[PDB]
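Colleague: Provided herewith: protein06.cif, mmCIF, C-alpha atoms and all ligand atoms.
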data_upload
#
loop_
_atom_site.group_PDB
_atom_site.id
_atom_site.type_symbol
_atom_site.label_atom_id
_atom_site.label_comp_id
_atom_site.auth_asym_id
_atom_site.auth_seq_id
_atom_site.Cartn_x
_atom_site.Cartn_y
_atom_site.Cartn_z
ATOM 1 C CA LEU A 42 -24.338 11.961 8.544
ATOM 2 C CA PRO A 43 -22.533 9.727 6.039
ATOM 3 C CA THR A 44 -22.336 5.951 6.438
ATOM 4 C CA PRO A 45 -19.750 3.793 4.615
ATOM 5 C CA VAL A 46 -21.355 1.285 2.263
ATOM 6 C CA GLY A 47 -20.329 -2.281 3.044
ATOM 7 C CA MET A 48 -19.574 -2.208 6.772
ATOM 8 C CA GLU A 49 -19.616 -5.751 8.219
ATOM 9 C CA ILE A 50 -19.196 -6.945 11.786
ATOM 10 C CA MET A 51 -17.233 -10.137 11.131
ATOM 11 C CA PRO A 52 -18.092 -13.474 12.774
ATOM 12 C CA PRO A 53 -16.000 -14.174 15.882
ATOM 13 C CA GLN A 54 -13.118 -16.551 15.201
ATOM 14 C CA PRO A 55 -10.489 -18.080 17.464
ATOM 15 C CA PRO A 56 -7.156 -16.261 17.253
ATOM 16 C CA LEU A 57 -4.824 -17.369 14.488
ATOM 17 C CA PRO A 58 -1.489 -18.884 15.595
ATOM 18 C CA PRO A 59 1.159 -16.235 16.324
ATOM 19 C CA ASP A 60 3.410 -17.325 13.431
ATOM 20 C CA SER A 61 0.679 -16.655 10.841
ATOM 21 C CA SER A 62 2.577 -13.488 9.839
ATOM 22 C CA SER A 63 5.768 -15.453 9.073
ATOM 23 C CA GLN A 64 7.330 -14.604 5.680
ATOM 24 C CA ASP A 65 9.795 -17.423 4.981
ATOM 25 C CA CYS A 66 9.921 -17.298 1.172
ATOM 26 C CA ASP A 67 12.228 -14.251 1.315
ATOM 27 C CA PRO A 68 9.367 -12.427 -0.428
ATOM 28 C CA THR A 69 11.103 -9.102 -1.023
ATOM 29 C CA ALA A 70 13.741 -10.474 -3.422
ATOM 30 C CA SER A 71 12.939 -9.548 -7.019
ATOM 31 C CA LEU A 72 14.471 -9.601 -10.508
ATOM 32 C CA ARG A 73 17.583 -7.687 -11.529
ATOM 33 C CA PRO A 74 16.932 -4.807 -13.973
ATOM 34 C CA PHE A 75 17.906 -5.144 -17.611
ATOM 35 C CA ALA A 76 21.513 -4.380 -18.487
ATOM 36 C CA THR A 77 20.762 -2.403 -21.663
ATOM 37 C CA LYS A 78 18.235 0.265 -22.559
ATOM 38 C CA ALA A 79 17.348 -1.734 -25.680
ATOM 39 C CA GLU A 80 16.340 -4.730 -23.543
ATOM 40 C CA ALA A 81 14.263 -2.503 -21.269
ATOM 41 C CA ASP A 82 12.468 -0.803 -24.141
ATOM 42 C CA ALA A 83 11.587 -4.162 -25.694
ATOM 43 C CA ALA A 84 10.055 -5.307 -22.400
ATOM 44 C CA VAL A 85 7.551 -2.419 -22.451
ATOM 45 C CA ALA A 86 6.896 -2.278 -26.212
ATOM 46 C CA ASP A 87 3.277 -3.379 -25.776
ATOM 47 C CA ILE A 88 2.599 -0.675 -23.180
ATOM 48 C CA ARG A 89 4.234 1.919 -25.415
ATOM 49 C CA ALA A 90 2.062 0.744 -28.315
ATOM 50 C CA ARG A 91 -1.071 1.144 -26.198
ATOM 51 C CA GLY A 92 0.011 4.758 -25.626
ATOM 52 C CA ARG A 93 -0.321 4.793 -21.833
ATOM 53 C CA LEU A 94 0.524 2.858 -18.694
ATOM 54 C CA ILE A 95 -2.606 1.476 -16.994
ATOM 55 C CA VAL A 96 -2.198 1.718 -13.222
ATOM 56 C CA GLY A 97 -4.427 0.177 -10.559
ATOM 57 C CA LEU A 98 -5.046 2.266 -7.426
ATOM 58 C CA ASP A 99 -7.904 4.353 -5.983
ATOM 59 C CA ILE A 100 -8.539 8.086 -5.433
ATOM 60 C CA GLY A 101 -9.326 8.010 -1.737
ATOM 61 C CA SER A 102 -6.031 7.094 -0.027
ATOM 62 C CA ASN A 103 -4.645 10.268 1.522
ATOM 63 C CA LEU A 104 -0.896 10.845 0.961
ATOM 64 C CA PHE A 105 -0.762 7.959 -1.560
ATOM 65 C CA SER A 106 -3.469 8.249 -4.240
ATOM 66 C CA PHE A 107 -6.148 10.893 -3.766
ATOM 67 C CA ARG A 108 -7.705 13.974 -5.330
ATOM 68 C CA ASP A 109 -6.048 17.191 -4.177
ATOM 69 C CA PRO A 110 -8.704 19.504 -2.664
ATOM 70 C CA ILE A 111 -7.031 22.692 -3.976
ATOM 71 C CA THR A 112 -6.056 21.602 -7.495
ATOM 72 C CA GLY A 113 -8.538 18.780 -8.118
ATOM 73 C CA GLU A 114 -5.706 16.623 -9.471
ATOM 74 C CA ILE A 115 -4.925 12.993 -8.721
ATOM 75 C CA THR A 116 -1.763 12.923 -6.619
ATOM 76 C CA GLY A 117 0.110 11.218 -3.786
ATOM 77 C CA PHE A 118 3.165 9.051 -3.185
ATOM 78 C CA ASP A 119 1.854 6.029 -5.123
ATOM 79 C CA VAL A 120 0.663 8.213 -8.000
ATOM 80 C CA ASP A 121 4.167 9.686 -8.199
ATOM 81 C CA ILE A 122 5.879 6.253 -8.123
ATOM 82 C CA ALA A 123 3.628 5.148 -10.999
ATOM 83 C CA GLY A 124 4.427 8.343 -12.897
ATOM 84 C CA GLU A 125 8.141 7.600 -12.635
ATOM 85 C CA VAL A 126 7.564 4.236 -14.318
ATOM 86 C CA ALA A 127 5.623 6.019 -17.066
ATOM 87 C CA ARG A 128 8.486 8.519 -17.389
ATOM 88 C CA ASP A 129 10.895 5.671 -18.131
ATOM 89 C CA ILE A 130 8.499 4.184 -20.723
ATOM 90 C CA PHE A 131 7.341 7.349 -22.488
ATOM 91 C CA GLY A 132 9.875 10.059 -21.550
ATOM 92 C CA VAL A 133 7.434 12.046 -19.370
ATOM 93 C CA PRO A 134 5.275 11.025 -16.403
ATOM 94 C CA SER A 135 1.981 12.034 -18.063
ATOM 95 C CA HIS A 136 0.781 9.019 -20.076
ATOM 96 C CA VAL A 137 -1.032 7.161 -17.303
ATOM 97 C CA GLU A 138 -4.592 5.857 -17.149
ATOM 98 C CA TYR A 139 -5.943 4.750 -13.765
ATOM 99 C CA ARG A 140 -8.208 1.797 -13.097
ATOM 100 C CA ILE A 141 -9.971 2.339 -9.779
ATOM 101 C CA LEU A 142 -9.543 -0.751 -7.576
ATOM 102 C CA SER A 143 -10.223 -1.636 -3.964
ATOM 103 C CA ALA A 144 -7.619 -3.309 -1.747
ATOM 104 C CA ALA A 145 -9.464 -6.595 -2.263
ATOM 105 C CA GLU A 146 -9.153 -6.282 -6.072
ATOM 106 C CA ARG A 147 -5.400 -5.693 -6.390
ATOM 107 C CA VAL A 148 -4.489 -9.330 -7.027
ATOM 108 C CA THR A 149 -7.428 -10.147 -9.307
ATOM 109 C CA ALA A 150 -6.832 -7.093 -11.516
ATOM 110 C CA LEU A 151 -3.300 -8.353 -12.103
ATOM 111 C CA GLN A 152 -4.359 -11.974 -12.620
ATOM 112 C CA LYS A 153 -6.897 -10.828 -15.231
ATOM 113 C CA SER A 154 -4.419 -8.463 -16.964
ATOM 114 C CA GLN A 155 -6.749 -5.496 -16.359
ATOM 115 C CA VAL A 156 -3.846 -3.200 -15.397
ATOM 116 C CA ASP A 157 -0.140 -3.147 -16.222
ATOM 117 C CA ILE A 158 0.871 -2.452 -12.605
ATOM 118 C CA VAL A 159 -0.742 -1.947 -9.208
ATOM 119 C CA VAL A 160 0.775 0.886 -7.157
ATOM 120 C CA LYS A 161 -1.531 0.805 -4.131
ATOM 121 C CA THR A 162 0.406 0.345 -0.843
ATOM 122 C CA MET A 163 0.774 -3.320 -1.778
ATOM 123 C CA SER A 164 2.704 -5.342 0.802
ATOM 124 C CA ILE A 165 4.910 -8.055 -0.685
ATOM 125 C CA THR A 166 4.045 -11.398 0.915
ATOM 126 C CA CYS A 167 4.765 -15.064 0.301
ATOM 127 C CA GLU A 168 1.045 -15.701 -0.104
ATOM 128 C CA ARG A 169 0.655 -12.986 -2.731
ATOM 129 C CA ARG A 170 3.787 -14.090 -4.605
ATOM 130 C CA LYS A 171 2.046 -17.358 -5.434
ATOM 131 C CA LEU A 172 -0.422 -15.276 -7.472
ATOM 132 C CA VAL A 173 1.334 -12.099 -8.695
ATOM 133 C CA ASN A 174 4.837 -10.744 -9.147
ATOM 134 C CA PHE A 175 6.384 -7.745 -7.400
ATOM 135 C CA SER A 176 9.099 -5.172 -7.905
ATOM 136 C CA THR A 177 11.728 -4.582 -5.254
ATOM 137 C CA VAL A 178 10.579 -2.723 -2.152
ATOM 138 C CA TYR A 179 9.801 0.956 -2.749
ATOM 139 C CA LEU A 180 8.585 1.889 0.759
ATOM 140 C CA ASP A 181 8.787 0.012 4.063
ATOM 141 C CA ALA A 182 5.852 0.685 6.421
ATOM 142 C CA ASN A 183 4.794 -1.023 9.645
ATOM 143 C CA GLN A 184 1.367 -1.812 11.087
ATOM 144 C CA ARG A 185 0.332 0.316 14.087
ATOM 145 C CA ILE A 186 -2.860 1.538 15.812
ATOM 146 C CA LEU A 187 -4.935 4.701 15.298
ATOM 147 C CA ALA A 188 -7.149 5.904 18.148
ATOM 148 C CA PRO A 189 -8.742 9.147 19.347
ATOM 149 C CA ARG A 190 -6.617 11.239 21.688
ATOM 150 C CA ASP A 191 -8.998 10.585 24.583
ATOM 151 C CA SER A 192 -8.708 6.767 24.199
ATOM 152 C CA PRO A 193 -6.601 4.754 26.679
ATOM 153 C CA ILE A 194 -5.537 2.379 23.884
ATOM 154 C CA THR A 195 -1.729 2.336 23.709
ATOM 155 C CA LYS A 196 -0.779 -1.312 23.039
ATOM 156 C CA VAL A 197 -1.984 -4.336 21.100
ATOM 157 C CA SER A 198 -3.602 -6.051 24.088
ATOM 158 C CA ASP A 199 -5.834 -2.991 24.572
ATOM 159 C CA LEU A 200 -7.568 -3.971 21.319
ATOM 160 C CA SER A 201 -8.998 -7.156 22.864
ATOM 161 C CA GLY A 202 -12.777 -6.920 23.077
ATOM 162 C CA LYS A 203 -12.810 -3.520 21.348
ATOM 163 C CA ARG A 204 -14.127 -2.647 17.889
ATOM 164 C CA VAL A 205 -11.259 -2.526 15.382
ATOM 165 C CA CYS A 206 -11.858 -1.551 11.765
ATOM 166 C CA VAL A 207 -9.961 -3.085 8.853
ATOM 167 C CA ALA A 208 -10.344 -2.819 5.100
ATOM 168 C CA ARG A 209 -11.144 -6.114 3.404
ATOM 169 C CA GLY A 210 -8.386 -7.662 1.345
ATOM 170 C CA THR A 211 -5.501 -6.342 3.457
ATOM 171 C CA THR A 212 -2.600 -7.869 5.374
ATOM 172 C CA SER A 213 -3.843 -5.812 8.310
ATOM 173 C CA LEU A 214 -6.711 -8.262 8.912
ATOM 174 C CA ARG A 215 -4.411 -11.283 9.313
ATOM 175 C CA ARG A 216 -2.442 -9.516 12.039
ATOM 176 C CA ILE A 217 -5.589 -8.429 13.916
ATOM 177 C CA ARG A 218 -6.820 -12.042 13.680
ATOM 178 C CA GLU A 219 -3.817 -13.127 15.780
ATOM 179 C CA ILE A 220 -4.799 -10.971 18.774
ATOM 180 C CA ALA A 221 -5.965 -12.982 21.802
ATOM 181 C CA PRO A 222 -8.608 -12.420 23.095
ATOM 182 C CA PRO A 223 -9.918 -11.158 19.743
ATOM 183 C CA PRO A 224 -11.153 -7.653 19.111
ATOM 184 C CA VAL A 225 -14.536 -7.200 17.538
ATOM 185 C CA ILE A 226 -13.555 -7.008 13.875
ATOM 186 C CA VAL A 227 -15.456 -4.570 11.667
ATOM 187 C CA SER A 228 -14.557 -4.662 7.992
ATOM 188 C CA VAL A 229 -15.089 -2.071 5.262
ATOM 189 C CA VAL A 230 -14.176 -1.467 1.636
ATOM 190 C CA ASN A 231 -11.416 1.106 2.268
ATOM 191 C CA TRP A 232 -9.462 2.822 5.020
ATOM 192 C CA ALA A 233 -11.288 6.126 4.486
ATOM 193 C CA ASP A 234 -14.418 4.254 5.617
ATOM 194 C CA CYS A 235 -12.668 3.295 8.865
ATOM 195 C CA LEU A 236 -11.990 6.971 9.474
ATOM 196 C CA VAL A 237 -15.673 7.813 8.977
ATOM 197 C CA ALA A 238 -16.636 4.929 11.266
ATOM 198 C CA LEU A 239 -14.312 6.232 13.989
ATOM 199 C CA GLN A 240 -15.588 9.787 13.571
ATOM 200 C CA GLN A 241 -19.153 8.452 13.988
ATOM 201 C CA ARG A 242 -18.098 6.324 17.000
ATOM 202 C CA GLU A 243 -19.089 3.047 15.363
ATOM 203 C CA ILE A 244 -15.631 1.614 16.143
ATOM 204 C CA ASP A 245 -12.895 2.205 18.714
ATOM 205 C CA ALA A 246 -9.639 1.985 16.721
ATOM 206 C CA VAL A 247 -8.129 1.317 13.293
ATOM 207 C CA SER A 248 -5.043 -0.828 12.709
ATOM 208 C CA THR A 249 -3.003 -0.749 9.483
ATOM 209 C CA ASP A 250 0.229 0.606 7.966
ATOM 210 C CA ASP A 251 1.503 3.653 9.860
ATOM 211 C CA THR A 252 1.870 5.364 6.462
ATOM 212 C CA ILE A 253 -1.858 4.925 5.742
ATOM 213 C CA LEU A 254 -2.715 5.880 9.323
ATOM 214 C CA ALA A 255 -0.683 9.082 8.944
ATOM 215 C CA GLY A 256 -2.906 10.059 6.026
ATOM 216 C CA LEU A 257 -5.939 9.572 8.256
ATOM 217 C CA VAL A 258 -4.367 11.658 11.044
ATOM 218 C CA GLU A 259 -3.804 14.443 8.514
ATOM 219 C CA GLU A 260 -7.560 14.502 7.971
ATOM 220 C CA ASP A 261 -8.453 14.250 11.676
ATOM 221 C CA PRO A 262 -5.859 15.694 14.095
ATOM 222 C CA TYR A 263 -7.991 14.518 17.033
ATOM 223 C CA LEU A 264 -6.529 11.070 16.299
ATOM 224 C CA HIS A 265 -3.006 9.805 16.949
ATOM 225 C CA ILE A 266 -0.898 6.758 16.151
ATOM 226 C CA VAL A 267 0.044 4.489 19.067
ATOM 227 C CA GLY A 268 1.535 1.109 19.812
ATOM 228 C CA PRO A 269 4.592 -0.819 18.694
ATOM 229 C CA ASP A 270 5.421 -2.067 15.241
ATOM 230 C CA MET A 271 2.934 -4.909 14.732
ATOM 231 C CA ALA A 272 3.972 -6.225 11.310
ATOM 232 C CA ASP A 273 6.360 -5.232 8.522
ATOM 233 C CA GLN A 274 4.700 -3.903 5.345
ATOM 234 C CA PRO A 275 7.200 -3.779 2.464
ATOM 235 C CA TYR A 276 5.469 -2.161 -0.513
ATOM 236 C CA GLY A 277 6.032 -3.446 -4.017
ATOM 237 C CA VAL A 278 4.673 -2.604 -7.433
ATOM 238 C CA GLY A 279 2.318 -5.470 -8.253
ATOM 239 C CA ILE A 280 2.762 -7.059 -11.682
ATOM 240 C CA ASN A 281 1.199 -10.027 -13.466
ATOM 241 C CA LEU A 282 2.937 -13.215 -12.314
ATOM 242 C CA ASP A 283 4.283 -14.036 -15.781
ATOM 243 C CA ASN A 284 5.407 -10.561 -16.933
ATOM 244 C CA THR A 285 8.954 -10.882 -15.642
ATOM 245 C CA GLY A 286 10.160 -8.281 -18.147
ATOM 246 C CA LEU A 287 7.985 -5.607 -16.557
ATOM 247 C CA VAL A 288 9.330 -6.625 -13.129
ATOM 248 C CA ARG A 289 12.869 -5.991 -14.354
ATOM 249 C CA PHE A 290 11.807 -2.720 -15.979
ATOM 250 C CA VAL A 291 10.077 -1.345 -12.880
ATOM 251 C CA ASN A 292 13.107 -2.408 -10.845
ATOM 252 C CA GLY A 293 15.184 -0.240 -13.172
ATOM 253 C CA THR A 294 12.882 2.704 -12.452
ATOM 254 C CA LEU A 295 13.283 2.124 -8.730
ATOM 255 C CA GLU A 296 17.072 1.978 -9.069
ATOM 256 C CA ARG A 297 16.879 5.328 -10.848
ATOM 257 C CA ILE A 298 14.751 7.162 -8.281
ATOM 258 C CA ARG A 299 16.541 5.698 -5.230
ATOM 259 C CA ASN A 300 19.878 6.985 -6.526
ATOM 260 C CA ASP A 301 18.988 10.275 -8.253
ATOM 261 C CA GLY A 302 17.265 11.936 -5.278
ATOM 262 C CA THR A 303 13.677 11.480 -6.458
ATOM 263 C CA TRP A 304 12.789 8.916 -3.784
ATOM 264 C CA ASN A 305 14.020 11.291 -1.064
ATOM 265 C CA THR A 306 11.991 14.135 -2.590
ATOM 266 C CA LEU A 307 8.850 11.983 -2.657
ATOM 267 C CA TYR A 308 9.263 10.923 0.972
ATOM 268 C CA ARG A 309 9.814 14.520 2.065
ATOM 269 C CA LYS A 310 6.771 15.581 0.088
ATOM 270 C CA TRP A 311 4.328 12.991 1.374
ATOM 271 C CA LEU A 312 5.519 11.317 4.575
ATOM 272 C CA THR A 313 7.475 13.785 6.738
ATOM 273 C CA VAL A 314 4.751 13.669 9.391
ATOM 274 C CA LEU A 315 6.200 10.271 10.341
ATOM 275 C CA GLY A 316 9.692 11.688 10.818
ATOM 276 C CA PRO A 317 12.865 12.473 8.902
ATOM 277 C CA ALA A 318 13.312 10.619 5.641
ATOM 278 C CA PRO A 319 15.138 7.289 5.981
ATOM 279 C CA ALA A 320 17.481 5.983 3.362
ATOM 280 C CA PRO A 321 15.520 4.440 0.485
ATOM 281 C CA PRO A 322 14.830 0.731 1.011
ATOM 282 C CA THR A 323 17.748 -1.373 -0.143
ATOM 283 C CA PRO A 324 16.649 -3.569 -3.074
ATOM 284 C CA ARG A 325 17.078 -7.327 -2.850
ATOM 285 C CA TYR A 326 17.618 -9.413 -5.985
ATOM 286 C CA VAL A 327 17.185 -13.149 -6.531
ATOM 287 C CA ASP A 328 19.633 -13.047 -9.448
HETATM 288 N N1 LIG B 1 -0.183 -2.609 2.862
HETATM 289 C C1 LIG B 1 -1.274 -3.425 3.380
HETATM 290 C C2 LIG B 1 -2.480 -2.540 3.770
HETATM 291 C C3 LIG B 1 -3.156 -1.907 2.568
HETATM 292 O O1 LIG B 1 -2.577 -1.924 1.465
HETATM 293 O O2 LIG B 1 -4.272 -1.368 2.728
HETATM 294 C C4 LIG B 1 -1.691 -4.470 2.352
HETATM 295 O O3 LIG B 1 -0.961 -4.664 1.370
HETATM 296 O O4 LIG B 1 -2.739 -5.105 2.499
#
So that I can check it, write out the structure of this file as structure tokens.

Modeller:
Amino acid sequence: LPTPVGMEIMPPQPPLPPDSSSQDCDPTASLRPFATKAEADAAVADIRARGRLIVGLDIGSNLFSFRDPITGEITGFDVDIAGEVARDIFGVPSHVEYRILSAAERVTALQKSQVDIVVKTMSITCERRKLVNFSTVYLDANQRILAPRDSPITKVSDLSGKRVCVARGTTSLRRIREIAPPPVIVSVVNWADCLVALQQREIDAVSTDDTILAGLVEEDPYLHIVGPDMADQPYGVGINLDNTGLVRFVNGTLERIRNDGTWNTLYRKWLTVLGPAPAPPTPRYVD
């Protein structure tokens, strides 16, 4: 039976203070799109000259960026968001090259200019905004708990003393580190590994974005999502800190798809297992 490479039982730590998830920089405010098409096209001239948009994500995140088992094609909500950016740059969604990244590599890939954008369920936080830039919010998720249907776990305090799996490099870890008494924290490279670990009964529960958890439930209907909202997860397109022009450009793409029906279509395609489509997230601008 398979075993995820890189599984670590983390050293026990005292709980973090409850306000460790505070987000007081107003992190979700971003830059207004360009007023003219000429300004927008100039901001992406270097991408156009390279002939493709280079997008950081992975191919193992069900519903968001994965390989379709019927068609063999790379697909999902995040893949489609990235393709809409490419459509605005090139005229059609199909000039994209992917760089495969883990959750723990999203910031460094941007710092090192190894991708143009990261579209990989990337929560916008004050801490991350010191290192990278972000578009406006394109999907608002919330952290919850995934457990087998025969588990009595239904609330956060039930995680105390139990084995909870988290992918390294995620906001999900910080929130689990606030639980008192602590769970046993087991960390892995990606959320698909947590699913394997739960299937093999090496852990008791997984806690992350309900969107990501829904993709795991789709693969294993013996599991269900429980508990209250544990932490807001506002997704943004990650961009190099200094490429403010690309921030404005991507924010133009998001204005387009929020208002022309495409956002609604993408939610209905990928996320209806969580319920009826909400209104698209309202963008917030600093300027
Ligand atoms: N959205 C959360 C969880 C994840 O992306 O895996 C984060 O940005 O860390």

Colleague: Please identify the residues whose atoms come within 8 Å of ligand LIG 1 (chain B), using only C-alpha atoms and all ligand atoms, and report them as a PyMOL selection string.

Modeller: chain A and resi 144+161-165+182+208+210-213+231-232+249-250+253+274-276

Colleague: Between A:186, A:207, A:167, A:115, which has the minimum distance to residue 62 in chain A (counting only C-alpha atoms)?

Modeller: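 Closest candidate: A:167.
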
Colleague: Taking the file as shown, find all residues satisfying the PyMOL selection byres (((chain A and resi 87-89) around 12) and not hetatm) and write them as a PDB file with C-alpha atoms, keeping the file's coordinate frame.

Modeller:
ATOM      1  CA  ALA A  81      14.263  -2.503 -21.269  1.00  0.00           C
ATOM      2  CA  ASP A  82      12.468  -0.803 -24.141  1.00  0.00           C
ATOM      3  CA  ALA A  83      11.587  -4.162 -25.694  1.00  0.00           C
ATOM      4  CA  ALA A  84      10.055  -5.307 -22.400  1.00  0.00           C
ATOM      5  CA  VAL A  85       7.551  -2.419 -22.451  1.00  0.00           C
ATOM      6  CA  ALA A  86       6.896  -2.278 -26.212  1.00  0.00           C
ATOM      7  CA  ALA A  90       2.062   0.744 -28.315  1.00  0.00           C
ATOM      8  CA  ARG A  91      -1.071   1.144 -26.198  1.00  0.00           C
ATOM      9  CA  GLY A  92       0.011   4.758 -25.626  1.00  0.00           C
ATOM     10  CA  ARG A  93      -0.321   4.793 -21.833  1.00  0.00           C
ATOM     11  CA  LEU A  94       0.524   2.858 -18.694  1.00  0.00           C
ATOM     12  CA  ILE A  95      -2.606   1.476 -16.994  1.00  0.00           C
ATOM     13  CA  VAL A  96      -2.198   1.718 -13.222  1.00  0.00           C
ATOM     14  CA  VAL A 126       7.564   4.236 -14.318  1.00  0.00           C
ATOM     15  CA  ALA A 127       5.623   6.019 -17.066  1.00  0.00           C
ATOM     16  CA  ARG A 128       8.486   8.519 -17.389  1.00  0.00           C
ATOM     17  CA  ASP A 129      10.895   5.671 -18.131  1.00  0.00           C
ATOM     18  CA  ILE A 130       8.499   4.184 -20.723  1.00  0.00           C
ATOM     19  CA  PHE A 131       7.341   7.349 -22.488  1.00  0.00           C
ATOM     20  CA  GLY A 132       9.875  10.059 -21.550  1.00  0.00           C
ATOM     21  CA  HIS A 136       0.781   9.019 -20.076  1.00  0.00           C
ATOM     22  CA  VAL A 137      -1.032   7.161 -17.303  1.00  0.00           C
ATOM     23  CA  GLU A 138      -4.592   5.857 -17.149  1.00  0.00           C
ATOM     24  CA  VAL A 156      -3.846  -3.200 -15.397  1.00  0.00           C
ATOM     25  CA  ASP A 157      -0.140  -3.147 -16.222  1.00  0.00           C
ATOM     26  CA  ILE A 158       0.871  -2.452 -12.605  1.00  0.00           C
ATOM     27  CA  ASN A 284       5.407 -10.561 -16.933  1.00  0.00           C
ATOM     28  CA  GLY A 286      10.160  -8.281 -18.147  1.00  0.00           C
ATOM     29  CA  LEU A 287       7.985  -5.607 -16.557  1.00  0.00           C
ATOM     30  CA  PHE A 290      11.807  -2.720 -15.979  1.00  0.00           C
TER      31      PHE A 290
END

Colleague: Report as a PyMOL selection string the residues that result from applying the PyMOL selection byres (((chain A and resi 154) around 12) and not hetatm) to the structure here.

Modeller: chain A and resi 95-97+140+147-153+155-159+173+279-284

Colleague: For those residues, write C-alpha atoms to a file as a short mmCIF file (atom, residue, chain, number, x, y, z; two decimals), keeping the file's coordinate frame.

Modeller:
data_model
loop_
_atom_site.label_atom_id
_atom_site.label_comp_id
_atom_site.auth_asym_id
_atom_site.auth_seq_id
_atom_site.Cartn_x
_atom_site.Cartn_y
_atom_site.Cartn_z
CA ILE A 95 -2.61 1.48 -16.99
CA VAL A 96 -2.20 1.72 -13.22
CA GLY A 97 -4.43 0.18 -10.56
CA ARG A 140 -8.21 1.80 -13.10
CA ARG A 147 -5.40 -5.69 -6.39
CA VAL A 148 -4.49 -9.33 -7.03
CA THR A 149 -7.43 -10.15 -9.31
CA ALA A 150 -6.83 -7.09 -11.52
CA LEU A 151 -3.30 -8.35 -12.10
CA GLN A 152 -4.36 -11.97 -12.62
CA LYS A 153 -6.90 -10.83 -15.23
CA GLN A 155 -6.75 -5.50 -16.36
CA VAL A 156 -3.85 -3.20 -15.40
CA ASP A 157 -0.14 -3.15 -16.22
CA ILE A 158 0.87 -2.45 -12.60
CA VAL A 159 -0.74 -1.95 -9.21
CA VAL A 173 1.33 -12.10 -8.70
CA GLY A 279 2.32 -5.47 -8.25
CA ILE A 280 2.76 -7.06 -11.68
CA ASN A 281 1.20 -10.03 -13.47
CA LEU A 282 2.94 -13.22 -12.31
CA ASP A 283 4.28 -14.04 -15.78
CA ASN A 284 5.41 -10.56 -16.93
#

Colleague: List the residues matched by the PyMOL selection byres (((chain A and resi 257) around 12) and not hetatm) in the displayed structure as a ChimeraX atom specification, ordered by chain and then by residue number.

Modeller: /A:101-105,186-189,231-237,239-240,246-256,258-266,314

Colleague: Which residues are near residue 219 in chain A? Cut-off 7 Å, all atoms listed in the file, ignore same chain within fewer than 6 positions. Put them as a list in words.

Modeller: residues 56, 57, 58 and 59 of chain A

Colleague: What's around residue 323 in chain A at 9 Å? Count all atoms listed in the file, leave out sequence neighbours fewer than 5 positions away in its own chain, and write the answer as a JSON list (two decimals) with C-alpha atoms, in the frame of the given file.

Modeller:
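For reference, around20.json as written:
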[["chain", "number", "residue", "atom", "x", "y", "z"],
["A", 177, "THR", "CA", 11.73, -4.58, -5.25],
["A", 178, "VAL", "CA", 10.58, -2.72, -2.15],
["A", 179, "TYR", "CA", 9.80, 0.96, -2.75],
["A", 299, "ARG", "CA", 16.54, 5.70, -5.23]]

Colleague: In Å, how far is it from CA of residue 45 in chain A to CA of residue 160 in chain A?

Modeller: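 Here the two named atoms are 23.8 Å from each other.
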
Colleague: Using all atoms listed in the file, pick whichever of A:120, A:295, A:318, A:98 has the shortest atom-to-atom distance to residue 141 in chain A.

Modeller: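 Distance minimum relative to residue 141 in chain A lands on A:98.
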
Colleague: Rounded to one decimal in Å, what is the spacing between CA of residue 316 in chain A and CA of residue 67 in chain A?

Modeller: 27.7 Å

Colleague: May I ask which of the residues A:50, A:288, A:133, A:142 is the closest one to residue 176 in chain A, counting all atoms listed in the file?

Modeller: A:288
